[PDB]
Amino acid sequence: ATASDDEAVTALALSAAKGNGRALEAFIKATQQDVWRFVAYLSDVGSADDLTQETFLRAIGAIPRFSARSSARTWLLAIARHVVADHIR
Amino acid sequence: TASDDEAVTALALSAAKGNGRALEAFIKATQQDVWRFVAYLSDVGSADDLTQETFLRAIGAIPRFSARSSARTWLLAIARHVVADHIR
C-alpha cells in the first residue's frame, strides 16, 4: 500500500496546485524516477532525460488545474504520454 | 537585455503568485544561465545535476520571491548554495 504512496503524491500535487512550492518540489522528487522509467519504455534510454524534463515543465505548467479527478501519477503519466507522442517526431 | 532581466523578474513574480506557466517559462528562460554558472563553479560533468537541483530549490523558494533583487540574482544565489553543498 504502496497505494499509500500514491496517496502522498496526490497530496503533494494538490498542495502544489494551491501554490505550495515546497510541495511541487517534493512532488517532482517523488515521481521523477517513475517518469523516467515510463518515458524510456516508450522511446529510448537516450531520449529519456530530455523527455523526463519536458514532462515536468508541462507538469509545472498544468498543475494549477490538477483537482484529483484521478491520481497525480495517472495525470502525470498522461502528460508523459503526450510528450512522447510529440517527440515522434 | 535589462529588458530580458525584467521579463525574467516578471516571470518569477507571477510564478511566486501561483502561476505554473510563468514558472515553467522562467525555468526555460534561465536554464542556460544556471547551467553555465554551475558548469563552472564545478565542471561540465556535474552541471546537469547541479542545474536540476538549483531548479528544485528554486521551485521550493519561489513563493517567497518578492523582487528585493532581480530573479536572476536570486536564482544564481541559489545556484551558489547548491554548488557549495556539492563540494562539502
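Residues numbered from 1 in each chain as written, not as in the entry; some residues may be left out. Chains lettered and ligands numbered in written order. Heavy atoms only, no water. Residues with missing side-chain atoms left out of burial classes, pairs and counts.

A. Representation of the overall build of chain B within the structure. On a plain count of helices and strands, chain B comes out with four helices and zero strands. Scaling as 2.2 N^0.38, a compact globule of 88 residues should have a C-alpha radius of gyration of about 12 Å, and chain B matches this with 12 Å. A principal-axis box enclosing the C-alpha atoms of chain B has dimensions of 35 × 25 × 20 Å. Sequence-distant contacts, at least 24 apart, represent 62% of the contacts inside chain B between residues at least 6 apart. (Helix = DSSP H or I, 4+ residues; strand = E, 2+ residues; numbered from the N terminus. Rg over C-alpha atoms; globule rule 2.2 N^0.38 Å. Contact = heavy atoms within 4.5 Å.)

B. Fine view of the side chain of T54 of chain B. If you trace the backbone, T54 of chain B turns up in helix 3 (residues 47-61). With near-sequence residues (within four places) excluded, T54 of chain B lies in contact with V34, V38, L75, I78, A79 and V82 of chain B.

C. Layout of helix 1 (residues 2-16) of chain B. All names here are of chain B. Between its terminal C-alpha atoms helix 1 stretches 21 Å, which fits the 21 Å expected from 15 residues at 1.5 Å a residue. Those residues of helix 1 that are buried are in contact with helix 2 (20-41) and helix 4 (71-86). Backbone geometry just downstream of helix 1 places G18 in the positive-phi region, at approximately 90°. (Expected span 1.5 Å × (residues − 1).)

D. Structural detail: the pattern of salt bridges. A full pass over the atoms with the stated rule returns 13 salt bridges over all chains. Here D33 of chain B and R72 of chain B are joined by a salt bridge, their closest N and O atoms 2.6 Å apart. Here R72 of chain B lies in helix 4 and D33 of chain B lies in helix 2, a separation of 39 residues in the sequence. Residues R57 of chain B and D85 of chain B are paired through a salt bridge, measuring 2.8 Å at the closest nitrogen-oxygen approach. With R57 of chain B in helix 3 and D85 of chain B in helix 4, this pair connects stretches of sequence that are 28 residues apart. For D85 of chain B, a relative accessible area of 32% translates into the label partly exposed. Several salt bridges share partner residues, and in doing so they unite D5, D6, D34, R37 and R73 of chain A into one network. (Salt bridge = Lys/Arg side-chain N within 4 Å of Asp/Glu carboxyl O. Buried < 20%, exposed > 50% of the residue type's maximum accessible area, 1.4 Å probe, protein only.)

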